[PDB]
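Asker: The data below comprise the sequence and an experimental structure of the protein.
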Amino acid sequence: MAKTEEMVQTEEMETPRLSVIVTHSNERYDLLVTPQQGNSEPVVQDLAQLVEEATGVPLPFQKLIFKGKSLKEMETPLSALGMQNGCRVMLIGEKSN
């Protein structure tokens with residue numbers, strides 16, 4: 001029905017070219033899944049990272065909810081960390097700029 005069978009949008013040395021959708025309200029930034037895991041399964045960092053890096057905003061300022069995962073430095077299992085091109089990650093709070 002939507003993003004799943006991709007794994008080839010935003011490339012990087014360990015990423016399998018994975019690009020995540022980072023939104024806040026609607027405010028969307030293309031973010032890339034965090035390399036040096038197994039490319040397919042992003043690190044615990046990634047879920048927070050994507051929502052964080054999209055605007056450059058610190059972890060406390062964004063409440064990232066996506067992939068049944070919530071933003072933290074080491075939150076939920078890496079296999080579940082968005083194994084698709086980047087998956088989705090949306091933070092509701094503030095993409096502070």
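Answerer: Arrived safely, thanks for sending. Numbers count the residues shown, from 1 in each chain.

Asker: contacts, neighbours, all on C-alpha from now
Answerer: Noted.

Asker: Quick check: the gap between the spatially most central residue of the chain and residue 20.
Answerer: With distances taken as Cα atoms, centre = their mean, residue 50 lies nearest the centre of the chain, 3.5 Å away. Distance from residue 50 to residue 20, counting by Cα to Cα, to the nearest Å: 7 Å.

Asker: Next: residue 86.
Answerer: On the measure of Cα to Cα, residue 86 and residue 20 end up 4 Å apart.

Asker: neighbour count winner among those two?
Answerer: residue 86 (35 against 28; other Cα atoms under 10 Å).

Asker: That one: what's it in contact with?
Answerer: 7, 18-21, 31-33 (Cα atoms under 8 Å, 6 or more residues apart in numbering).

Asker: picking that back up, any residues in contact with both of residue 50 and residue 20?
Answerer: 31-33, 89.

Asker: Next, count neighbours for residue 96.
Answerer: 11.

Asker: Without its sequence neighbours, what residue ends up closest to it?
Answerer: residue 57 (5.7 Å; Cα to Cα, 6 or more residues apart in numbering).

Asker: Report the beta-bridge partners for residue 31.
Answerer: Per DSSP bridges, the residues bridged to residue 31 are residue 20.

Asker: residues near it, how many?
Answerer: Look at residue 31: counted by other Cα under 10 Å, it has 25 neighbours.

Asker: Just read off the phi/psi values of residue 53.
Answerer: Backbone torsions of residue 53, given as degrees, to the nearest 10, read phi -70, psi -20.

Asker: Just the helices from the chain, written as ranges.
Answerer: 44-55 (DSSP state H).

Asker: the strands in this protein, which residues?
Answerer: 19-24, 27-32, 64-66, 69-70, 88-91 (DSSP state E).

Asker: would TSV of those with distance to residue 40 be doable?
Answerer: Below are these laid out as TSV (distance: least, Cα to Cα, whole Å):
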stretch	distance to residue 40
strand 19-24	11
strand 27-32	12
strand 64-66	17
strand 69-70	16
strand 88-91	14
